[PDB]
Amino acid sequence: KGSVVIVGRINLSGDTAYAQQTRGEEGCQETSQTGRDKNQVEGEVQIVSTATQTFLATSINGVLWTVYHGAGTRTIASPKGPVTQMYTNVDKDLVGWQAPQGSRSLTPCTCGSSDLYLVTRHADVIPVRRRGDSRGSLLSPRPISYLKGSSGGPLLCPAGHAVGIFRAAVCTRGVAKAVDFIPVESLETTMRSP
């Protein structure tokens, strides 16, 4: 198992949502085997990779969360060496490490908002109608190809709180009609329990 490596970040703190790439696909492999990543971290959302796949990770409650079908059991690279996971729920498809220094956590939502926004690896923010605990409809249906590489990113309410973590797409003939996410309350349950 190599280490998960941060190769970029998305910021959600300004008047503008943007991505910024931090590591080429050559420093990634090196960082991955040694698990030592000296690069400074910033942002609420990290763009991360394993050997051939890239996806997202989201900071909430001082934990950097992502999807299990992404990270696996893997450590994540840090300035001090490889970081072992603090939380791992396979049934939930959930992984988390302690948030790296410089990673600002999103606050978990308490609004009850039904209007949501998905953040893509492209710092695109996409309108979503919450239809259940862990589902939301896309106002604009997008092709599946469009959403690939964005799992582990946040679903946000209109006040920019975290409602949950994008996990799977509900897809019909190559089109994404809706999204399934891990509710932010399941993250909190995961945090409280041995």
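Start at 1 with the first residue shown and count on from there.
Across the two stretches, 19 to 27 and 167 to 175, the PDB entry reports the greater mean Cα temperature factor for 19 to 27.
When the two stretches 79 to 87 and 110 to 118 are set side by side, the higher mean Cα temperature factor goes to 110 to 118.
Highest CA B-factor among the listed residues (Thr66, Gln40, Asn61, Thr50): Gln40. Across the options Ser32, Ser145, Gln46, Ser150, the residue with the most elevated CA B-factor in the record is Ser32. Among the modelled residues of its chain, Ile126 has a C-alpha B-factor that falls in the highest third according to the deposited record. Per the deposited record, the Cα B-factor of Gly136 falls in the middle third when ranked against the other modelled residues of its chain. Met191 sits in the highest third of its chain by CA B factor, as recorded in the PDB entry.
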